[PDB]
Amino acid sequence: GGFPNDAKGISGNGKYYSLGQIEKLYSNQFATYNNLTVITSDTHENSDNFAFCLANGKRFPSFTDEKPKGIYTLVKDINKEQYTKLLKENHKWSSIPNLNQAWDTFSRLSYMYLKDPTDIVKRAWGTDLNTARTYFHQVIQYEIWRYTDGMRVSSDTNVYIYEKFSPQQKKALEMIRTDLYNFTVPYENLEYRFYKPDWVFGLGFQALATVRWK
């Protein structure tokens, strides 16, 4: 179950790029859903197979035509206090709703993508893991934003997003909402990671965070 994060790229200069959420890899092609994969700035090796954006109101990273927008440094093996501090720093001009709980929801939701402890993917997509790999990322991402940014998506709230969801995504969202608190997260066996965006003039970039097995 879940989607492994077995990437091992480490950048020689400590800087990383992301392929983005829905972005073109090459400007003459149709955009693809890229799971916010994070790559080394030097070798373009994945460092983390997926990641999640932590600030829906900031700039999103991309790597179209191999030109980075949004450059990151990595904080390894984060805990509740570090996550909370870094998340808050990335939201200087917005308040995070139920901030106390922000680590709990992020760490649970990202783990549900990594491991899927309650078998949401089997129930929503069956054996179609290729579709689920991106379509489940997207619903997990929106639910992360419910908690980072108050972006609750439903048939009567943020309808412009909801109506774009596939039927399987809609089912998965209901399962996520039912199952969120109904498992224990095995923190001692996991490495959570934070990607801190380098400063730029103006509205900055969203931070990213992700998880892998140790």
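Numbers follow the displayed sequence, beginning with 1.
**Student:** On mean Cα temperature factor in this entry, is 147-155 or 27-35 the higher one?
**Tutor:** That would be 147-155.
**Student:** 162-170 versus 46-54: which one carries the higher mean Cα B factor per the record?
**Tutor:** If you average the C-alpha B-factors of 46-54 and of 162-170, the larger mean comes out for 162-170.
**Student:** Of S107, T73, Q138, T127, which one's C-alpha B factor is largest in the deposited record?
**Tutor:** Max CA B-factor in the entry, restricted to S107, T73, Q138, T127: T127.
**Student:** Ordered by C-alpha B-factor within the chain, which third holds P197? Give me lowest, middle or highest, please.
**Tutor:** Answer is middle: the recorded C-alpha B-factor places it there.
**Student:** What third of the chain does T184 rank in for C-alpha temperature factor, lowest, middle or highest?
**Tutor:** Its C-alpha B-factor, which the entry lists for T184, ranks in the highest third among residues of this chain.
**Student:** What third of its chain's C-alpha B-factors does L190 belong to: lowest, middle or highest?
**Tutor:** Middle third of the chain for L190's C-alpha B-factor.
**Student:** Could you say whether, by C-alpha temperature factor, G9 belongs to the lowest, middle or highest third of its chain?
**Tutor:** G9: CA B-factor falls in the highest third of its chain.
**Student:** Give the position of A102 by CA B-factor within its chain, expressed as the lowest, middle or highest third.
**Tutor:** Highest third - that is where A102 ends up once the chain's C-alpha B-factors are sorted.
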